[PDB]
$ cat data-v2.txt   # compact mmCIF, N, CA and C atoms
# COMPACT_ATOMS: atom_id res chain seq x y z
N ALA D 1 105.32 92.67 62.89
CA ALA D 1 106.62 92.17 62.49
C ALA D 1 107.65 92.60 63.56
N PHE D 2 108.10 91.53 64.24
CA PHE D 2 109.09 91.75 65.30
C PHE D 2 108.35 92.64 66.31
N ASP D 3 107.13 92.16 66.68
CA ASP D 3 106.41 92.96 67.62
C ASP D 3 105.50 92.18 68.55
N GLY D 4 106.13 91.31 69.36
CA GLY D 4 105.26 90.56 70.28
C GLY D 4 105.88 89.19 70.48
N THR D 5 105.26 88.35 71.34
CA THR D 5 105.87 87.04 71.52
C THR D 5 105.61 86.19 70.27
N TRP D 6 106.30 85.05 70.17
CA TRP D 6 106.28 84.10 69.13
C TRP D 6 106.47 82.66 69.65
N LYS D 7 105.82 81.74 68.98
CA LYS D 7 105.96 80.34 69.26
C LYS D 7 105.54 79.83 70.65
N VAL D 8 105.78 78.52 70.62
CA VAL D 8 105.66 77.61 71.73
C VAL D 8 104.67 77.87 72.80
N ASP D 9 103.96 76.74 73.09
CA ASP D 9 102.93 76.69 74.10
C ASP D 9 102.46 75.22 74.24
N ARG D 10 103.24 74.46 75.01
CA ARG D 10 102.89 73.07 75.21
C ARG D 10 101.99 72.89 76.44
N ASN D 11 100.66 72.92 76.19
CA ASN D 11 99.68 72.77 77.25
C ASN D 11 99.97 73.78 78.36
N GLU D 12 99.44 73.52 79.55
CA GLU D 12 99.69 74.44 80.63
C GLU D 12 101.19 74.45 80.96
N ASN D 13 101.75 73.22 80.79
CA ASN D 13 103.18 73.00 81.05
C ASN D 13 103.38 72.96 82.56
N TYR D 14 104.22 71.97 82.87
CA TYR D 14 104.57 71.72 84.26
C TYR D 14 105.96 72.30 84.53
N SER D 15 106.59 71.72 85.56
CA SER D 15 107.92 72.25 85.84
C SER D 15 108.96 71.56 84.99
N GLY D 16 110.19 71.66 85.50
CA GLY D 16 111.28 71.03 84.77
C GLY D 16 112.15 72.04 83.99
N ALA D 17 111.45 72.74 83.08
CA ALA D 17 112.10 73.73 82.25
C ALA D 17 112.95 72.95 81.25
N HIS D 18 112.35 72.52 80.11
CA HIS D 18 113.08 71.76 79.10
C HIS D 18 112.88 72.37 77.69
N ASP D 19 114.04 72.52 77.03
CA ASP D 19 114.16 73.07 75.69
C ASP D 19 112.92 73.85 75.23
N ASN D 20 112.70 74.92 76.04
CA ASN D 20 111.57 75.80 75.79
C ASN D 20 112.01 77.09 75.06
N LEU D 21 111.77 76.90 73.75
CA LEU D 21 112.10 77.99 72.84
C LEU D 21 110.88 78.94 72.97
N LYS D 22 110.97 79.93 72.09
CA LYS D 22 109.97 80.98 71.96
C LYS D 22 110.76 82.22 71.44
N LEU D 23 110.05 82.91 70.57
CA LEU D 23 110.67 84.10 70.02
C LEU D 23 109.80 85.21 70.68
N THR D 24 110.28 86.44 70.62
CA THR D 24 109.69 87.64 71.15
C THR D 24 110.70 88.80 70.90
N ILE D 25 110.21 89.60 69.99
CA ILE D 25 110.97 90.77 69.58
C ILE D 25 110.06 91.98 69.55
N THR D 26 110.58 93.11 69.99
CA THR D 26 109.66 94.23 69.94
C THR D 26 110.49 95.53 69.95
N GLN D 27 110.93 95.77 68.70
CA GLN D 27 111.72 96.96 68.55
C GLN D 27 111.03 98.17 69.19
N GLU D 28 111.87 99.12 69.63
CA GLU D 28 111.26 100.30 70.26
C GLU D 28 112.20 101.47 70.02
N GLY D 29 112.51 101.71 68.73
CA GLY D 29 113.41 102.85 68.60
C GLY D 29 114.78 102.20 68.92
N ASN D 30 115.29 101.71 67.79
CA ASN D 30 116.55 101.03 67.68
C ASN D 30 116.80 100.21 68.97
N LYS D 31 115.86 99.37 69.29
CA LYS D 31 116.21 98.65 70.53
C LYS D 31 115.37 97.38 70.23
N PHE D 32 115.95 96.39 69.55
CA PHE D 32 115.09 95.24 69.31
C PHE D 32 115.96 94.15 69.98
N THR D 33 115.15 93.47 70.78
CA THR D 33 115.87 92.39 71.48
C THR D 33 115.22 91.20 70.81
N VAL D 34 115.92 90.09 70.82
CA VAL D 34 115.30 88.94 70.18
C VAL D 34 115.36 87.84 71.22
N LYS D 35 114.21 87.14 71.09
CA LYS D 35 113.98 86.03 71.94
C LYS D 35 114.43 84.71 71.36
N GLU D 36 115.80 84.63 71.49
CA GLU D 36 116.53 83.50 71.04
C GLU D 36 116.53 82.44 72.19
N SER D 37 115.34 81.99 72.54
CA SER D 37 115.41 80.99 73.63
C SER D 37 115.94 79.68 73.09
N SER D 38 117.09 79.19 73.61
CA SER D 38 117.52 77.92 73.03
C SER D 38 118.04 76.92 74.04
N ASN D 39 119.10 76.17 73.65
CA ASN D 39 119.71 75.18 74.51
C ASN D 39 120.94 75.76 75.23
N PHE D 40 120.70 77.02 75.59
CA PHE D 40 121.73 77.75 76.29
C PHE D 40 120.97 78.81 77.15
N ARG D 41 120.06 78.21 77.93
CA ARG D 41 119.22 78.99 78.82
C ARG D 41 118.25 79.84 78.02
N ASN D 42 117.64 80.89 78.59
CA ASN D 42 116.75 81.57 77.65
C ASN D 42 117.74 82.31 76.72
N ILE D 43 118.32 83.28 77.43
CA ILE D 43 119.31 84.13 76.76
C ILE D 43 118.59 84.94 75.72
N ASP D 44 119.01 86.24 75.78
CA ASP D 44 118.49 87.26 74.90
C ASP D 44 119.66 87.94 74.19
N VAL D 45 119.27 88.65 73.16
CA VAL D 45 120.36 89.32 72.45
C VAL D 45 119.87 90.78 72.43
N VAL D 46 120.45 91.57 73.36
CA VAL D 46 119.98 92.95 73.34
C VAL D 46 121.04 93.92 72.88
N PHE D 47 120.47 95.02 72.36
CA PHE D 47 121.37 96.02 71.87
C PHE D 47 120.62 97.09 71.10
N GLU D 48 121.31 98.04 70.44
CA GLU D 48 120.52 99.01 69.76
C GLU D 48 120.67 98.99 68.21
N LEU D 49 119.91 98.03 67.69
CA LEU D 49 119.82 97.74 66.26
C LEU D 49 121.21 97.65 65.66
N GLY D 50 121.50 98.56 64.76
CA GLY D 50 122.81 98.60 64.06
C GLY D 50 123.81 99.07 65.13
N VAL D 51 124.12 98.11 65.98
CA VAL D 51 125.02 98.18 67.09
C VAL D 51 126.01 97.02 67.06
N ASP D 52 127.18 97.41 66.50
CA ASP D 52 128.21 96.37 66.41
C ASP D 52 128.83 96.09 67.80
N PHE D 53 129.40 94.84 67.86
CA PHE D 53 130.00 94.52 69.12
C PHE D 53 130.47 93.07 69.26
N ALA D 54 131.36 92.85 70.20
CA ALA D 54 131.90 91.50 70.43
C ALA D 54 131.15 91.10 71.74
N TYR D 55 130.05 90.37 71.59
CA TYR D 55 129.35 90.00 72.82
C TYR D 55 129.20 88.50 73.04
N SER D 56 129.63 88.14 74.26
CA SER D 56 129.50 86.70 74.50
C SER D 56 127.99 86.37 74.60
N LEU D 57 127.72 85.08 74.58
CA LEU D 57 126.31 84.66 74.66
C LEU D 57 126.12 83.43 75.51
N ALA D 58 127.01 82.46 75.35
CA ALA D 58 126.90 81.24 76.13
C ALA D 58 128.14 80.90 76.94
N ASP D 59 128.72 81.89 77.65
CA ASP D 59 129.92 81.65 78.46
C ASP D 59 130.97 80.78 77.81
N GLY D 60 130.95 80.87 76.45
CA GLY D 60 131.90 80.10 75.66
C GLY D 60 131.58 80.35 74.18
N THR D 61 131.30 81.61 73.96
CA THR D 61 130.96 82.12 72.64
C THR D 61 131.65 83.44 72.34
N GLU D 62 131.45 83.99 71.12
CA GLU D 62 132.14 85.26 70.89
C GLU D 62 131.44 85.92 69.70
N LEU D 63 130.11 85.66 69.78
CA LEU D 63 129.27 86.21 68.74
C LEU D 63 129.51 87.72 68.62
N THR D 64 130.34 87.99 67.61
CA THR D 64 130.75 89.30 67.24
C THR D 64 130.04 89.68 65.92
N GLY D 65 129.09 90.59 66.10
CA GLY D 65 128.45 90.93 64.82
C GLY D 65 127.71 92.25 65.01
N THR D 66 126.79 92.40 64.06
CA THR D 66 125.92 93.55 63.96
C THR D 66 124.60 93.35 63.27
N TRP D 67 123.50 93.16 64.05
CA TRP D 67 122.22 92.96 63.34
C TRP D 67 121.74 94.39 62.99
N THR D 68 121.46 94.45 61.69
CA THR D 68 121.00 95.68 61.11
C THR D 68 119.61 95.49 60.48
N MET D 69 118.72 95.30 61.45
CA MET D 69 117.29 95.08 61.23
C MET D 69 116.91 96.11 60.17
N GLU D 70 116.46 95.48 59.06
CA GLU D 70 116.04 96.31 57.93
C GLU D 70 114.59 96.08 57.61
N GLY D 71 113.78 96.37 58.65
CA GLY D 71 112.37 96.18 58.45
C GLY D 71 111.98 94.71 58.63
N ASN D 72 112.14 94.03 57.49
CA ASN D 72 111.84 92.62 57.45
C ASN D 72 113.04 91.73 57.17
N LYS D 73 114.24 92.26 57.48
CA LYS D 73 115.40 91.40 57.21
C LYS D 73 116.22 91.20 58.49
N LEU D 74 117.39 90.58 58.42
CA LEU D 74 118.12 90.40 59.66
C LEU D 74 119.60 90.19 59.47
N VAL D 75 119.99 91.00 58.44
CA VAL D 75 121.34 91.06 57.98
C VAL D 75 122.36 91.55 59.03
N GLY D 76 123.45 90.78 59.00
CA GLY D 76 124.56 91.06 59.93
C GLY D 76 125.34 89.73 59.99
N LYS D 77 126.15 89.64 61.08
CA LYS D 77 126.88 88.41 61.16
C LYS D 77 127.67 88.28 62.44
N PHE D 78 127.31 87.17 63.10
CA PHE D 78 127.96 86.86 64.37
C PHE D 78 128.51 85.45 64.12
N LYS D 79 129.65 85.38 64.81
CA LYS D 79 130.48 84.22 64.82
C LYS D 79 131.10 83.81 66.14
N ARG D 80 131.36 82.50 66.28
CA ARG D 80 131.98 82.08 67.52
C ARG D 80 133.42 81.56 67.21
N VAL D 81 134.16 82.54 66.73
CA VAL D 81 135.52 82.49 66.31
C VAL D 81 136.32 81.29 66.82
N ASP D 82 136.09 81.05 68.10
CA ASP D 82 136.72 79.98 68.82
C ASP D 82 136.32 78.61 68.34
N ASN D 83 135.40 78.47 67.36
CA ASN D 83 135.07 77.12 66.99
C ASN D 83 133.85 76.98 66.10
N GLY D 84 132.92 77.93 66.31
CA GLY D 84 131.75 77.76 65.46
C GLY D 84 132.13 78.56 64.18
N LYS D 85 132.93 79.59 64.47
CA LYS D 85 133.47 80.49 63.49
C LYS D 85 132.54 81.12 62.49
N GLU D 86 131.23 81.07 62.85
CA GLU D 86 130.24 81.65 62.00
C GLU D 86 128.84 81.05 62.35
N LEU D 87 128.08 82.02 62.80
CA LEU D 87 126.71 81.70 63.19
C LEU D 87 125.79 82.88 63.05
N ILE D 88 125.82 83.27 61.78
CA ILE D 88 125.01 84.40 61.33
C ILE D 88 123.55 83.91 61.46
N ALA D 89 122.68 84.82 61.04
CA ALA D 89 121.25 84.63 61.05
C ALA D 89 120.71 85.43 59.91
N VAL D 90 121.17 84.98 58.76
CA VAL D 90 120.74 85.64 57.56
C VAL D 90 119.24 85.36 57.42
N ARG D 91 118.47 86.47 57.58
CA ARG D 91 117.08 86.14 57.45
C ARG D 91 116.11 87.30 57.44
N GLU D 92 114.96 86.98 56.84
CA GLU D 92 113.93 87.99 56.76
C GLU D 92 112.63 87.25 57.10
N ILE D 93 111.80 88.10 57.73
CA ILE D 93 110.49 87.59 58.13
C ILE D 93 109.78 87.01 56.91
N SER D 94 109.90 85.70 56.77
CA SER D 94 109.26 85.03 55.65
C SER D 94 107.90 85.59 55.30
N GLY D 95 107.01 85.57 56.30
CA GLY D 95 105.70 86.13 55.96
C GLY D 95 104.75 85.45 56.99
N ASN D 96 104.54 86.31 58.00
CA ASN D 96 103.72 86.06 59.15
C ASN D 96 104.52 85.18 60.16
N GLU D 97 105.81 85.15 59.91
CA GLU D 97 106.76 84.43 60.71
C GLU D 97 108.16 84.51 60.03
N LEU D 98 109.06 84.02 60.90
CA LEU D 98 110.47 83.91 60.66
C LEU D 98 110.94 82.45 60.83
N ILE D 99 112.11 82.27 60.17
CA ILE D 99 112.82 81.03 60.12
C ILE D 99 114.08 81.30 60.98
N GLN D 100 115.12 81.79 60.30
CA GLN D 100 116.41 82.12 60.89
C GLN D 100 117.40 81.09 60.33
N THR D 101 117.91 81.59 59.20
CA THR D 101 118.87 80.84 58.45
C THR D 101 120.30 81.10 58.92
N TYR D 102 120.58 80.18 59.82
CA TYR D 102 121.94 80.34 60.35
C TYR D 102 122.89 79.95 59.21
N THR D 103 123.60 81.02 58.77
CA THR D 103 124.57 80.88 57.69
C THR D 103 125.84 80.51 58.44
N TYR D 104 126.24 79.26 58.09
CA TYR D 104 127.45 78.71 58.69
C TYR D 104 128.41 78.10 57.70
N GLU D 105 129.61 78.69 57.65
CA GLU D 105 130.70 78.30 56.80
C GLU D 105 130.33 77.81 55.41
N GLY D 106 129.23 78.33 54.84
CA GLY D 106 128.87 77.86 53.52
C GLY D 106 127.51 77.22 53.44
N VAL D 107 126.98 76.78 54.59
CA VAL D 107 125.69 76.14 54.70
C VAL D 107 124.55 77.05 55.06
N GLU D 108 123.29 76.59 54.82
CA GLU D 108 122.17 77.47 55.16
C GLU D 108 121.26 76.63 56.10
N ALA D 109 121.64 76.67 57.39
CA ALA D 109 120.82 75.90 58.29
C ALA D 109 119.66 76.75 58.83
N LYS D 110 118.55 76.39 58.21
CA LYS D 110 117.38 77.11 58.63
C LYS D 110 116.61 76.33 59.65
N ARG D 111 116.22 77.08 60.68
CA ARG D 111 115.46 76.42 61.76
C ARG D 111 114.01 76.85 61.35
N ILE D 112 113.09 75.88 61.53
CA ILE D 112 111.74 76.19 61.17
C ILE D 112 110.78 76.26 62.36
N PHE D 113 110.50 77.53 62.60
CA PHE D 113 109.61 77.85 63.67
C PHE D 113 108.70 78.97 63.11
N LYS D 114 108.15 79.73 64.03
CA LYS D 114 107.27 80.81 63.62
C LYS D 114 106.95 81.74 64.82
N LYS D 115 105.69 82.11 64.84
CA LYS D 115 105.06 82.97 65.84
C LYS D 115 103.72 82.39 66.24
N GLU D 116 103.20 82.95 67.34
CA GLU D 116 101.95 82.59 67.94
C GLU D 116 100.98 83.79 67.71
$ encode --input "data-v2.txt" --output "structure tokens"
Amino acid sequence: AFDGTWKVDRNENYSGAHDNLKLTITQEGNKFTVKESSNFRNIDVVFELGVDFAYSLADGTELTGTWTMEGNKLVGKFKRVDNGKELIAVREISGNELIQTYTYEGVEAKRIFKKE
């Protein structure tokens, strides 16, 4: 749980570099980075667990939050004040994988992926 790579593997794969997600988390003593590979380069979210902070992410973000990894959960809350105004990731490792329910202004947008 939160210990190794996750997802995606489209054949050998050629060049180009296109919307190549993949998760990979591996806590190591309050140091869990998450492999939020998305449509904003790979980009990682590093820090030391229950480590609050105002950290940019996509040169036009302001994800200010605090992930307080609780074993199998992912409580905290980051927002892009400037416009997204909320892009939490309320979530817990469903079971042999994760979703990531981006809690946004009232909605529960869950992305459905997993692990490899």
$ atom_distance --input "data-v2.txt" --atom1 "atom N of residue 68 (chain D)" --atom2 "atom N of residue 91 (chain D)"
9.5 Å
$ residues_near_point --input "data-v2.txt" --point "(113.6, 91.3, 69.2)" --cutoff "8 Å" --atoms "all atoms listed in the file" --output "PDB file with N, CA and C atoms, in the frame of the given file"
ATOM      1  N   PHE D   2     108.100  91.530  64.240  1.00  0.00           N
ATOM      2  CA  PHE D   2     109.090  91.750  65.300  1.00  0.00           C
ATOM      3  C   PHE D   2     108.350  92.640  66.310  1.00  0.00           C
ATOM      4  N   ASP D   3     107.130  92.160  66.680  1.00  0.00           N
ATOM      5  CA  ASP D   3     106.410  92.960  67.620  1.00  0.00           C
ATOM      6  C   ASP D   3     105.500  92.180  68.550  1.00  0.00           C
ATOM      7  N   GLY D   4     106.130  91.310  69.360  1.00  0.00           N
ATOM      8  CA  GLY D   4     105.260  90.560  70.280  1.00  0.00           C
ATOM      9  C   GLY D   4     105.880  89.190  70.480  1.00  0.00           C
ATOM     10  N   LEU D  23     110.050  82.910  70.570  1.00  0.00           N
ATOM     11  CA  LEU D  23     110.670  84.100  70.020  1.00  0.00           C
ATOM     12  C   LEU D  23     109.800  85.210  70.680  1.00  0.00           C
ATOM     13  N   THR D  24     110.280  86.440  70.620  1.00  0.00           N
ATOM     14  CA  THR D  24     109.690  87.640  71.150  1.00  0.00           C
ATOM     15  C   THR D  24     110.700  88.800  70.900  1.00  0.00           C
ATOM     16  N   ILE D  25     110.210  89.600  69.990  1.00  0.00           N
ATOM     17  CA  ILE D  25     110.970  90.770  69.580  1.00  0.00           C
ATOM     18  C   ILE D  25     110.060  91.980  69.550  1.00  0.00           C
ATOM     19  N   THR D  26     110.580  93.110  69.990  1.00  0.00           N
ATOM     20  CA  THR D  26     109.660  94.230  69.940  1.00  0.00           C
ATOM     21  C   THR D  26     110.490  95.530  69.950  1.00  0.00           C
ATOM     22  N   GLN D  27     110.930  95.770  68.700  1.00  0.00           N
ATOM     23  CA  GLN D  27     111.720  96.960  68.550  1.00  0.00           C
ATOM     24  C   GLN D  27     111.030  98.170  69.190  1.00  0.00           C
ATOM     25  N   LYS D  31     115.860  99.370  69.290  1.00  0.00           N
ATOM     26  CA  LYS D  31     116.210  98.650  70.530  1.00  0.00           C
ATOM     27  C   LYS D  31     115.370  97.380  70.230  1.00  0.00           C
ATOM     28  N   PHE D  32     115.950  96.390  69.550  1.00  0.00           N
ATOM     29  CA  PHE D  32     115.090  95.240  69.310  1.00  0.00           C
ATOM     30  C   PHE D  32     115.960  94.150  69.980  1.00  0.00           C
ATOM     31  N   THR D  33     115.150  93.470  70.780  1.00  0.00           N
ATOM     32  CA  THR D  33     115.870  92.390  71.480  1.00  0.00           C
ATOM     33  C   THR D  33     115.220  91.200  70.810  1.00  0.00           C
ATOM     34  N   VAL D  34     115.920  90.090  70.820  1.00  0.00           N
ATOM     35  CA  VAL D  34     115.300  88.940  70.180  1.00  0.00           C
ATOM     36  C   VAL D  34     115.360  87.840  71.220  1.00  0.00           C
ATOM     37  N   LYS D  35     114.210  87.140  71.090  1.00  0.00           N
ATOM     38  CA  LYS D  35     113.980  86.030  71.940  1.00  0.00           C
ATOM     39  C   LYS D  35     114.430  84.710  71.360  1.00  0.00           C
ATOM     40  N   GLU D  36     115.800  84.630  71.490  1.00  0.00           N
ATOM     41  CA  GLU D  36     116.530  83.500  71.040  1.00  0.00           C
ATOM     42  C   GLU D  36     116.530  82.440  72.190  1.00  0.00           C
ATOM     43  N   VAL D  45     119.270  88.650  73.160  1.00  0.00           N
ATOM     44  CA  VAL D  45     120.360  89.320  72.450  1.00  0.00           C
ATOM     45  C   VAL D  45     119.870  90.780  72.430  1.00  0.00           C
ATOM     46  N   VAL D  46     120.450  91.570  73.360  1.00  0.00           N
ATOM     47  CA  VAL D  46     119.980  92.950  73.340  1.00  0.00           C
ATOM     48  C   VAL D  46     121.040  93.920  72.880  1.00  0.00           C
TER      49      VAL D  46
END
$ closest_residue --input "data-v2.txt" --among "D:5, D:20, D:37, D:100" --to "residue 75 (chain D)" --atoms "only C-alpha atoms"
D:100
$ residues_around --input "data-v2.txt" --residues "region 111-113 of chain D" --least-positions-apart "4" --cutoff "12 Å" --atoms "only C-alpha atoms" --output "PyMOL selection string"
chain D and resi 6-8+21-23+36-38+89-91+93-103
$ select_by_dssp --input "data-v2.txt" --residues "chain D" --states "strand (DSSP E)" --output "ChimeraX atom specification"
/D:3-6,23-26,53-54,64-65,101-104,107-110
$ write_last_selection --input "data-v2.txt" --atoms "N, CA and C atoms" --output "tab-separated table (two decimals), keeping the file's coordinate frame"
chain	number	residue	atom	x	y	z
D	3	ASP	N	107.13	92.16	66.68
D	3	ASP	CA	106.41	92.96	67.62
D	3	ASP	C	105.50	92.18	68.55
D	4	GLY	N	106.13	91.31	69.36
D	4	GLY	CA	105.26	90.56	70.28
D	4	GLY	C	105.88	89.19	70.48
D	5	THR	N	105.26	88.35	71.34
D	5	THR	CA	105.87	87.04	71.52
D	5	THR	C	105.61	86.19	70.27
D	6	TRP	N	106.30	85.05	70.17
D	6	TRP	CA	106.28	84.10	69.13
D	6	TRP	C	106.47	82.66	69.65
D	23	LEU	N	110.05	82.91	70.57
D	23	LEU	CA	110.67	84.10	70.02
D	23	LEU	C	109.80	85.21	70.68
D	24	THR	N	110.28	86.44	70.62
D	24	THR	CA	109.69	87.64	71.15
D	24	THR	C	110.70	88.80	70.90
D	25	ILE	N	110.21	89.60	69.99
D	25	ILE	CA	110.97	90.77	69.58
D	25	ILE	C	110.06	91.98	69.55
D	26	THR	N	110.58	93.11	69.99
D	26	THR	CA	109.66	94.23	69.94
D	26	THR	C	110.49	95.53	69.95
D	53	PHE	N	129.40	94.84	67.86
D	53	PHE	CA	130.00	94.52	69.12
D	53	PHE	C	130.47	93.07	69.26
D	54	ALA	N	131.36	92.85	70.20
D	54	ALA	CA	131.90	91.50	70.43
D	54	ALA	C	131.15	91.10	71.74
D	64	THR	N	130.34	87.99	67.61
D	64	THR	CA	130.75	89.30	67.24
D	64	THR	C	130.04	89.68	65.92
D	65	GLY	N	129.09	90.59	66.10
D	65	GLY	CA	128.45	90.93	64.82
D	65	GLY	C	127.71	92.25	65.01
D	101	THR	N	117.91	81.59	59.20
D	101	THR	CA	118.87	80.84	58.45
D	101	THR	C	120.30	81.10	58.92
D	102	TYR	N	120.58	80.18	59.82
D	102	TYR	CA	121.94	80.34	60.35
D	102	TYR	C	122.89	79.95	59.21
D	103	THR	N	123.60	81.02	58.77
D	103	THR	CA	124.57	80.88	57.69
D	103	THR	C	125.84	80.51	58.44
D	104	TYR	N	126.24	79.26	58.09
D	104	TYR	CA	127.45	78.71	58.69
D	104	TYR	C	128.41	78.10	57.70
D	107	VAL	N	126.98	76.78	54.59
D	107	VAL	CA	125.69	76.14	54.70
D	107	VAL	C	124.55	77.05	55.06
D	108	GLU	N	123.29	76.59	54.82
D	108	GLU	CA	122.17	77.47	55.16
D	108	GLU	C	121.26	76.63	56.10
D	109	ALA	N	121.64	76.67	57.39
D	109	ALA	CA	120.82	75.90	58.29
D	109	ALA	C	119.66	76.75	58.83
D	110	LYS	N	118.55	76.39	58.21
D	110	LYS	CA	117.38	77.11	58.63
D	110	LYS	C	116.61	76.33	59.65
